[PDB]
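Take a look at this single chain in structure tokens; it is the form deposited in one PDB entry.
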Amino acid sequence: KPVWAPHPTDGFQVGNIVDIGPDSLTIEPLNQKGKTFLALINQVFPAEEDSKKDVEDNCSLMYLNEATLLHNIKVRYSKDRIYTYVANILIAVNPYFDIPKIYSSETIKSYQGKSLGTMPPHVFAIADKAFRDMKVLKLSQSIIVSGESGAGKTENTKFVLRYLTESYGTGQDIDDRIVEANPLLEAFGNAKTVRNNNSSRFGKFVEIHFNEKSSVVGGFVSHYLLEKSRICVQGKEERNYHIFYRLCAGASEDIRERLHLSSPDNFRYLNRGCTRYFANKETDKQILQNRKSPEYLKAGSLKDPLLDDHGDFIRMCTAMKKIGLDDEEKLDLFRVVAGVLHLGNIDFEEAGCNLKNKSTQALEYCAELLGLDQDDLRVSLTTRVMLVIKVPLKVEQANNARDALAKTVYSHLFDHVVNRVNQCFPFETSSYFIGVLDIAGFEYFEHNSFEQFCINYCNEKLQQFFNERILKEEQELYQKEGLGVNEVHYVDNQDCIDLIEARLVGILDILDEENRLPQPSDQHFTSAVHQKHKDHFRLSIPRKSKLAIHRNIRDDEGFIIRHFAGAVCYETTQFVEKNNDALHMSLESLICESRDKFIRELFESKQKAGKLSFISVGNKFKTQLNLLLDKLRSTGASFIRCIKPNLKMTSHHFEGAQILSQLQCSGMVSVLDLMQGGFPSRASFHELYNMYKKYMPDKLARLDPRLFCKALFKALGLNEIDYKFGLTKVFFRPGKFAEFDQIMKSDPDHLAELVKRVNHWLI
């Protein structure tokens, strides 16, 4: 009798059907009771008989649907079971606290060489299946860890890497380096955002390479889209990259004086954001008074279970030593970091413009740390080279020259760090790899800019990949075998991908075209997108938004993209500026020709006077992404769907509607609809024949694999609908292969008797 009917905060609630109607159902919520509400036919789902129980694999449910999945993972989460399967897919709900011993060395050991279902659901089982499939099928593998900001992608990527190196490594401390390199990338590429204290402001693909003997030979890290806007200004509850705070909180008084550092409130590149440190009662005592901002003294420390700006600086130094990064290179990194900070403190005033007299120290400190002549820096920030004529810049143009230099220097430093990490675990050759993808998922905010557009473009391509691998190939296998399964259709998003990335006509090339025009304009670009794609299904003017908050945005000030997971309204202001990775020739020449070898080497691995300096961020990213998707399409794939349980970073706080929405946007409803009608467990006639012939009377082996299976299945008295004979394999319905392997373990005399009852000639 019980069903699942909608609920605004829980997603679903338990109810009973009291009246069925042509277009809606009448639900009486459980133990209310006189209260009744109307729900759509397609929003009411059958519920499990036992509401207390849970299944490790959602395919084991009596009814597999979004409401039964949501309940199952809710019950598990309340019992600190954050991992649940959906056939070969893993659902990982962020616990927001440390679940004891569940990632221990003993735990790693217990998951080694064990098939899915042998052990409880775990990120370690997904990693082991990847290593085992790689070893047996002699084909590279990829693990895609997806989810919203704060979902746990980065933490689960670490668990995968740590499991694989600690389980299939050589034993020597060289295996630790793939793990020990993460605090280093996180110091430079992670930052405090409102949705995640340790947010990754870059995407990564971490490959672990192996030989023919399937043993780690090294690794390789591909980094994507480091956020540049974060380097100069942040919102008041957000911070710059972790390194800035780890250095101000942890650097010795010797490093502090040498790099001319102080409390974060003294730097423009930090003081618009949150200037507080992550500390506890113990670590606050370790931070000197000259490091603490007035905001920190007034409001105290920021709280997090793991981040500690003082302790993280110590762990980062340890990580640097452990991966082979000497003290000289350590200080070189810090020098460039402080060089960016001091650059930010340079102020300009109307003359044409010039440096403020109060900016004298900042110019001095920045030029010394970046290896530049002060006058060269002063001239390169307040003028500009045109067709040759030094045109004086206005105060706002100087601010932009300053910040563009900062963003370039920091982005190049991050490339150095990524590449340095890759040199610390190199390999001559490899047979296969296990790649782990950790990149930002689809998201919308009140304001979406070029950064979100790029992330959402990337997600459009990864969703297409997931849809093909999980829905398209699986249904093609059912049709090829002639199983006559109900077709589950998904919306093909190729037209959305094309809209963004096609050459000449795509939005990324229309943006590039704008950057190459004599007077580039965000509005001219936006009108060109709307004019070219006026009749496109995936594009709209902001006026046509379903959300009232976007209706005032002019046609030339934005656009809507109907992404796979939903419509996103973009404000196109600063799209032209954000699409350009290049510096004006004067600034590029200035920094490439630094006195300091390390700074020059940041730009090692020529523009004419009146020539345009332009490097397309969009098309550099399209290229990197097309390479990544060549790698992913070449490999076997596994999917880890991470779920953010709430908007408060709190433990044991399951927000049903928010979770349902994440499962819905990731396309899991189509997966459940496919599974509920599909056959996830399968085996060839020869595979079943070779594995189970020994258990049966001898005469059964004389039969060909197909007919051996036909005879066995008749002897066992298996439900005709529980399995389906295909052209080359037996397809087992959700959780019906387990029932078969169960009886096959039964007494051989009873198996012989079962055969005798259906064909005594086979005795």
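Think of the rigid core as the biggest set of C-alphas that the two forms share within 1.5 Å after superposition. Numbering starts at 1 and runs along the sequence shown.
Missing-residue comparison: residue 158 falls in the unmodelled set for none of the other PDB entries checked, so it is not missing from a third of them. Residue 606 is a gap in at least a third of the other entries compared, counting only those with both neighbours built.
Unmodelled residues of the deposited sequence between residue 605 and residue 606: 4 to 9.
Going from residue 297 to residue 298, the model skips none of the deposited residues; the chain is continuous there. When 497-505 is weighed against 274-282, 274-282 comes out higher, by mean CA B-factor as recorded in the entry. The PDB entry reports B-factors from which the mean C-alpha value can be compared for 56-64 and 727-735; the larger average falls on 727-735. Residue set 651, 167, 626, 157: peak C-alpha B-factor at 167 (per PDB entry).
The PDB entry assigns its highest CA temperature factor, among 213, 153, 246, 595, to 213.
Compared with the other modelled residues of the chain, the Cα B-factor recorded for residue 179 ranks in the highest third. Among the modelled residues of the chain, residue 666 sits in the middle third by CA temperature factor in this PDB entry. Annotation for residue 325: C-alpha temperature factor in the highest third relative to the rest of the modelled chain, per the entry. In this PDB entry, the Cα temperature factor of residue 438 sits in the bottom third of its chain's modelled residues, the lowest group. Annotation for residue 253: CA B-factor lies in the highest third of the chain's modelled residues.
Here the subject shifts to the form deposited in another entry, a form of this protein not shown in this document.
Rigid core superposed between this form and the one not shown, residues 570, 111, 278, 202 considered: the one with a C-alpha shift of 2 Å or more is 570. For residue 722, the Cα coordinates differ by 2 angstroms or more between this form and the one not shown after the core has been superposed. Once both forms are fitted on their rigid core, the CA atom of residue 638 lies less than 2 Å apart between this form and the one not shown. Superposition of the core reveals a Cα shift of less than 2 Å for residue 12 between this form and the one not shown. Relative to what is shown, residue 691 and residue 122 are farther apart in that other deposited form; their C-alpha atoms differ in spacing by at least 3 Å.
CA of residue 731 to CA of residue 137: closer by 3 Å or more in that other deposited form than in the shown form.
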